[PDB]
């Protein structure tokens, strides 16, 4: 796998090169990319190719302050755009995102919320919203969960963590908690139940947004304005 070509095909911003280029030397990455291309030739795959790595464009690795792990992208046209949980700005927030935003509002009663679910503002501020599976077949939830994205994304996150001590991780649900296992002595690891509508545990009481900011302050890092 050649970086220049990989970067050009996915419109990846070059600041992420040191964290992603090494993944191209792993033989399994080639297998993953071949399967992804195969899928694209036989299925309507989402999000559009140009958005699969949008997360590399909103901020650089050194700007990342918080990492929020997702599972699979939304599988309906017009929803997913490369960031975990986020939807394009004309889409009413789907249930799990609605649940996340309710907790944000509970944490920050004075937050001026927009009503939309596009998290571009958080991403530009260094909130890395990364799904462990980056693509999906339209109309079939979690359909690409076994093609190999999770190992690739895991590699990137592991490299980011080693390069960047003091990150805050928000691991919501069993899947996120099993896939990502940061050293709790080097990073702030926050766990909660899934904001998924299937969870019978209210996500509205999640105080991670506030806990994260207190942690960043003890490390002399500016806090995140969670309004969106």
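Numbering follows the first chain given and starts at 1.
Remark: stretch with higher mean C-alpha B factor among 103-111 and 73-81 is 103-111. Look at the C-alpha B-factors of 178-186 and of 57-65. On average they run higher in 178-186. In the deposited entry, the Cα temperature factor of residue 146 places it in the highest third of its chain's modelled residues. Among the modelled residues of its chain, residue 191 has a C-alpha B-factor that falls in the lowest third according to the deposited record. When all modelled residues of the chain are sorted by CA temperature factor, residue 134 is found within the lowest third. When all modelled residues of the chain are sorted by CA temperature factor, residue 25 is found within the highest third. The deposited CA B-factor of residue 92 belongs to the highest third of values across its chain.
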